[PDB]
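For reference, the structure discussed in these notes is given below.
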Amino acid sequence: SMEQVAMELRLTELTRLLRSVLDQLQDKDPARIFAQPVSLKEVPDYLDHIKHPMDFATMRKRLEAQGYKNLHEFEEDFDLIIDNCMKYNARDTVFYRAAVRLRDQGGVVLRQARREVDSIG
């Protein structure tokens, strides 16, 4: 139907905007601490601690399959990256501290993303 096509175009355009958001958030992790899944070879107990692992590569795979239907779903995954790290790692670690800085800097980006998503529809 034509309605299905219009819905698909809206999803495509959201995907475009989320790709720009993802790039901007990933620039706030210049150490690449959050770039890839935590390795279960290197951290074999990880899944005993963290039930829903997340990372920027995993998000990018979902995004490119147009698997984010709205900005809330995308933010949920971003918050998992941060929140997982802040539980597994202690406050005195470069990992925790990177997550704090990514959360604080990403908030600014996400605030305007929400306005754009609402504004453009």
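Residue numbers count from 1 along this sequence. Heavy atoms only: backbone and side chains are in, while hydrogens, waters and symmetry mates are out.
- Here the side chains of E75 and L71 are in contact, with some heavy-atom distance below 4.5 Å.
- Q66 and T12 make their closest contact through NE2-OG1, 3.0 Å (heavy atoms, listed as atom of the first residue, atom of the second, distance).
- Using a 4.5 Å heavy-atom threshold, the side chains of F95 and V38 count as separate.
- Rounded to the nearest 0.5 angstrom, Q105 CD and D29 CG are separated by 10.5 Å.
- Applying the side-chain contact (heavy atoms from CB on, under 4.5 Å) rule to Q24 yields the partners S20, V109; only residues at least two apart in sequence or on another chain are considered.
- A distance of 8.0 Å separates CD1 of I81 from CD of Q26, quoted to the nearest 0.5 Å.
- Heavy atoms only, all atoms of each residue included: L14 and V117 are closest at CD1-CG2, 4.0 Å.
- Residue pairs meeting the side-chain hydrogen bond (donor to acceptor under 3.5 Å, both in side chains) criterion with at least one partner in residues 76-89, sequence neighbours excluded, are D45-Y88, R62-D77, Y68-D77, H72-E76.
- Here the rule is side chain to side chain contact (heavy atoms under 4.5 Å, CB included) with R19, and of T15, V21, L17 only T15 fits it.
- In this pair, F34 and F56 present their aromatic rings perpendicular. The plane angle is above 60°, beyond the 30 to 60° band.
- Within the 4.5 Å cutoff, the side chain of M86 has heavy atoms near those of the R103 side chain.
- One finds the CZ atom of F74 at 7.0 Å from the CG atom of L110 (value rounded to the nearest 0.5 Å).
- Evaluation of the salt bridge (charged side-chain N to carboxylate O under 4.0 Å, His left out) rule for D23 yields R60 as partners, not counting sequence neighbours.
- Note that the CD1 atom of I82 and the CG atom of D104 stand 9.5 Å from one another [nearest 0.5 Å].
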